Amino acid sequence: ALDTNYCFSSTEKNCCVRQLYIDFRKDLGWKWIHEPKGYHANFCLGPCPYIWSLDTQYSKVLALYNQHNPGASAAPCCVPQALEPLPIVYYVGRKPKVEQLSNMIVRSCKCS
């Protein structure tokens, strides 16, 4: 529900997972990661109309409100929900440590 399987396969303006490449050195500033030089992380973007994948009840109550008060600076935000790891390789001295970076990529999003 609102994962890459859907968002990448279909097309729409509402909250959904979007494409977003990231170079570690240039965008994050990190210089310690040996591999990869970057990765695909994606990100959540798009309005959250009423009843469009609203996480909890407060999510709906907030949408309803907004719907009745158009432009009220108060509504659900399109944020991540399922995050995945990222296999990396960095050097500690001479022996390269190969480990996984947790919650680095996004699988799905949700309005809340």
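When you see a residue number, it is the position in the sequence shown, counting from 1.
For the segment pair 35 to 43 and 73 to 81, the entry gives 73 to 81 the higher mean B-factor, averaged over Cα atoms. Higher mean CA temperature factor, per the PDB entry, when comparing 23 to 31 with 60 to 68: 60 to 68. Compared with the other modelled residues of the chain, the Cα B-factor recorded for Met104 ranks in the middle third. Annotation for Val98: CA B-factor lies in the middle third of the chain's modelled residues.
Annotation for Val92: C-alpha temperature factor in the highest third relative to the rest of the modelled chain, per the entry.
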